[PDB]
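In the form deposited in one PDB entry, a lone chain appears below as structure tokens.
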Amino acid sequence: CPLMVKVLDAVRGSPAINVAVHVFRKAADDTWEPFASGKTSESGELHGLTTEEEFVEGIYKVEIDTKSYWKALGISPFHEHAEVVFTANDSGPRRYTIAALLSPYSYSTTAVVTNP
């Protein structure tokens, strides 16, 4: 993968399992175009979103559907989503990991960029 998402749950101290993730890419008309989506695995990871050939230079939006996650567990959270926007491949091809840490009233997101 050049693009991985990883989601952690701060309440339970576990990976967030089975969370919906939607990735969008900013188009020429200046809207968000759907790019990929998936659900996190037992380990809280989502691999296989794209190929290197399909993950070109651009602006991407990762949208994690955290409200459904917290409601599945009986908790009414604050946010609808955890979002993060990043700019890809301005200097060509790279591994990208979007790490997200969730709690009912707070979250953080991080983009890690690695040249293998």
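Only residues modelled in both forms are compared. The term rigid core refers to the maximal set of C-alpha atoms that superpose within 1.5 Å between the two forms. Residue numbers here begin at 1 and follow the sequence given.
What follows is about the form deposited in another entry, which we do not show.
When the two forms are superposed on their rigid core between this form and the one not shown, the C-alpha shift of 2 Å or more among 85, 75, 56, 27 belongs solely to 75. In the core-superposed comparison between this form and the one not shown, the C-alpha atom of residue 40 has shifted by less than 2 angstroms. In a core-based superposition, a mobile segment is defined as at least three consecutive common residues whose CA atoms each shift by 2 Å or more; between this form and the one not shown, just one such segment exists, spanning 66-80.
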